[PDB]
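To keep things clear, I will list the structure first and then write my remarks on it.
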Protein chains: 4
Amino acid sequence: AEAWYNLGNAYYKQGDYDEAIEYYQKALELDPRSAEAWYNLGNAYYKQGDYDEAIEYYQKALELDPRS
Amino acid sequence: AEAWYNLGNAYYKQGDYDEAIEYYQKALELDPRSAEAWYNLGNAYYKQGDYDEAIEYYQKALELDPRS
Amino acid sequence: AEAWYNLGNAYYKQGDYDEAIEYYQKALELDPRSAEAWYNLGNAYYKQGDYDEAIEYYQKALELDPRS
Amino acid sequence: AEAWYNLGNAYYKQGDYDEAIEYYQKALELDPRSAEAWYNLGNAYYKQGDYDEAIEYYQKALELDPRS
């Protein structure tokens, strides 16, 4: 999971939001309780302008970890 | 705080101003010195037409950070 | 390979990312199938802000070992 | 030298990194060309978080034996 997520982050940093999504989803298939991966997934969709998906994934993330 | 605020922003982008308010208030319960969260709170009330609350929260925000 | 990689890691811990790269590349010249060394190589470039190289090396690492 | 080093290793296995250092240094006083003892010395300092000493001793070890 962590390495897929970091790959996801590297693509996110380059503005490759679809790639970032594909790798965050792969990190999530391996660790479905990664709040970090759901959150960054939400961020990725937020950047594509899909705010309804960002809501969905931000809420899954906040439910795993409400601290932030 | 940051994740609640971004959830707030995602709802704001969809015109869900009451949800945005509820999540910005939750970001503020965790970080009461977030100028960004007070400001966006003010924006949310401004969009609902409650200009007196927008004044209130914009002033709290400008008092934390007068730069903008 | 392992000792070069650990030297690489010691430099990485100090924020000496160019040294870390040079030693991880030397660990890789000796063991080209070290997923750990490719990954930390990717991390090192990620920290320098070269996200396109991080992508490159993270992908080589995930291809040797997709578990993480 | 070998017995001091193994004593060092036994302490290392228990997380007694200062003892491990003291015994590896004693193995080195007797055999200054023990790459194994310099390396494990570096490991011991790495575990204490002294990465600059780990660098120092890992480099002495790799200079006696660059294979690993």
Side-chain angles (χ1 to χ4, degrees), chain A residues 1-25 27-28 30-32 34-35 37-51 53-68, chain C residues 1-25 27-28 30-32 34-35 37-51 53-68:
Chain A
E2 171 165 18
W4 292 104
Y5 161 80
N6 291 320
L7 217 209
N9 291 159
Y11 278 115
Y12 184 102
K13 293 290 203 190
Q14 303 275 83
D16 295 313
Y17 303 117
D18 26 312
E19 279 82 20
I21 290 159
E22 117 184 48
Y23 296 110
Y24 291 151
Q25 293 175 330
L28 286 160
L30 297 169
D31 176 6
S34 173
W38 291 115
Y39 186 68
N40 278 357
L41 221 215
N43 287 334
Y45 281 104
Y46 191 105
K47 297 294 217 181
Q48 284 182 336
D50 195 347
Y51 305 114
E53 234 74 41
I55 286 154
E56 173 74 25
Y57 302 134
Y58 287 154
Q59 246 137 2
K60 272 172 178 166
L62 281 162
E63 172 183 291
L64 297 170
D65 181 348
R67 301 172 297 166
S68 169
Chain C
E2 171 165 18
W4 292 104
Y5 161 80
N6 291 320
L7 217 209
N9 291 159
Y11 278 115
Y12 184 102
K13 293 290 203 190
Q14 303 275 83
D16 295 313
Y17 303 117
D18 26 312
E19 279 82 20
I21 290 159
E22 117 184 48
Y23 296 110
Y24 291 151
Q25 293 175 330
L28 286 160
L30 297 169
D31 176 6
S34 173
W38 291 115
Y39 186 68
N40 278 357
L41 221 215
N43 287 334
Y45 281 104
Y46 191 105
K47 297 294 217 181
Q48 284 182 336
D50 195 347
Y51 305 114
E53 234 74 41
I55 286 154
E56 173 74 25
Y57 302 134
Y58 287 154
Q59 246 137 2
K60 272 172 178 166
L62 281 162
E63 172 183 291
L64 297 170
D65 181 348
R67 301 172 297 166
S68 169

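Reminder, nothing fancy here: chain letters follow the sequence lines and each chain counts from 1. All values below were derived from every heavy atom in this structure, side-chain atoms included, with hydrogens, water molecules and symmetry-related copies excluded.
- Nearest heavy-atom pair across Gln59(C) and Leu7(A) is NE2-CD1, 3.6 Å.
- Qualifying side-chain contact (heavy atoms from CB on, under 4.5 Å) partners for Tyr12(A), counting only residues two or more places apart in sequence or in other chains: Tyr17(A), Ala20(A), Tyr24(A), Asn43(A), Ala44(A), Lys47(A).
- Note that CD1 of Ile55(C) is 5.0 Å distant from CD of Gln14(A), once rounded to the nearest 0.5 Å.
- In this structure, the side chain of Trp4(A) does not engage the main chain of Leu62(C) through any donor-acceptor pair within 3.5 Å.
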